[PDB]
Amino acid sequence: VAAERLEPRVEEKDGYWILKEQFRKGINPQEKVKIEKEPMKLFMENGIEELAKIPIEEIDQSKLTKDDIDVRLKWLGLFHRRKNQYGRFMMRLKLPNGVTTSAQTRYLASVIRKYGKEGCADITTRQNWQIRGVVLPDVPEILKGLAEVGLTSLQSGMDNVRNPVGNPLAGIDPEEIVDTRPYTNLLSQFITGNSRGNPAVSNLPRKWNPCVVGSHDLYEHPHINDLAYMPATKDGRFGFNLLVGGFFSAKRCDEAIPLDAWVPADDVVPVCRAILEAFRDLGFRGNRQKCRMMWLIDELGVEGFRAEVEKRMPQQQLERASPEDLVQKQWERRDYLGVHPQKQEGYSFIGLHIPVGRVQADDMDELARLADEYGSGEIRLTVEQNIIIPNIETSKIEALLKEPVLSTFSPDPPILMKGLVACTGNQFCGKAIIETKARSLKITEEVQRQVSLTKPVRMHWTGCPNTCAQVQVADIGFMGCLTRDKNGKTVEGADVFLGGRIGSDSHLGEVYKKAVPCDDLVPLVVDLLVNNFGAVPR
């Protein structure tokens, strides 16, 4: 690779970072949008105030403002549901480590409550909140209300650093390696400029996923993140080995690979900045399917990429990876659903199943009430779109288990429901080929009626090849497709994936059977469970 390839392609201009004029040839349309107007101005120069006052019908009549609502608003966490819910916006937060409060939960519920049938909320596969039904005129007030309860929505979509994922058992688990909350909190604060906005990292070639590991279980899925911090001692010091470039896409899925780098714990933010700077500065900005960070690593090679990170470290040192990390390979992923003792004596946490991550405002108020009456006001989200309420005096558990709402959000659902994960699908997502959430519930219920099992089989349903519900990590994955019934009529289908493994011995699953009509999935899945996962016909 030439020395010329290493020339930074972006420059700071008026507090923002923009593509240098020599590197603007052949860029994709999204890069054009970013050049035409810096998205961060909608927040940092309060451009949202004036945009929000324009009727949508009129917004749609010019390119600049249509690009504002359909693309630039994703820098403010706002996603126009143009096809399936015209004029309404899904809104996505930053929620490092999945940690929320009862007050935050009540505030979000109060927002969606206003929108009635157009509102609801969802836990995401990055242990994050999404809310729905938002109208543009309400945006200025919602942004103020979020700030008031200590939330931000900044930089949560498009070409930005996504929600920092950590250990859902951080601080409470007797077996944790290192509490991940301080580090995911620092990362989020760094990425969003302490909720003011951070333009140094808001103009990447593409989305970029971080996680910090603190569990032997690897609840954080480090193998599928752009940057994963793996806890490791080096020369007597606590820190992290770094894995880089994991990603899923319609074209390619790849697991993260060692950068061959270790940082002390205090260097978590400096190396996150160095890697993002290298990615921002040097990454390809053509075909969107070749813009993820792994593609840069493949072009430069891991050593060439590593050198770029190294020059962007303070004092310009990057130590080599330590031989062995702290994650024990001898480990069985623990079920966190149900009631479990904390490391603080006399306290328990409870894991509650949220069916396919979907909640309404009344449900959110109930969960917030439980967290206040039984816990410490804290609610934790998980990447299986479930919840944990920590910090419950164990003497209160008898009473808690009698709460009516626990019959809906159960601490002990059937085993197949425990592991069930589903993306938004075509109820709201315009890219979706099929309906996912209702369908996956109905199918899973009918399957579980027919078989009993002991192994915790994880089933993931995703509505299109973007694979937001990560079908490549599942024991059985279902990817939306259109197919044909026996009479040649169009019907919703799934491509069925097998082979996905998580934890230290991770593996990416692959298509096993294409184009299965959804209405035929029950018998197929019953047989797979009996033949491959030890299930027993009832």
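Don't overthink the numbering: it's just position in the shown sequence, from 1.
Averaged over CA atoms, B-factors in the entry run higher in 193 to 201 than in the other of 346 to 354 and 193 to 201. Two stretches are in play, 491 to 499 and 55 to 63, and the higher mean C-alpha B-factor belongs to 55 to 63. Out of 440, 330, 180, 249, it is 330 whose C-alpha atom has the highest B-factor in the PDB entry. The top Cα temperature factor in the record, among 216, 223, 88, 455, falls on 455. When the modelled residues of the chain are ordered by C-alpha B-factor, residue 427 sits in the lowest third.
In the deposited entry, the Cα temperature factor of residue 119 sits in the bottom third of values across the chain's modelled residues. Split the chain's modelled residues into thirds by C-alpha temperature factor. Residue 525 is in the lowest one.
Ranked against the other modelled residues of its chain, the C-alpha B-factor of residue 480 as given in the entry falls in the lowest third. In the deposited entry, the Cα temperature factor of residue 288 sits in the top third of values across the chain's modelled residues.
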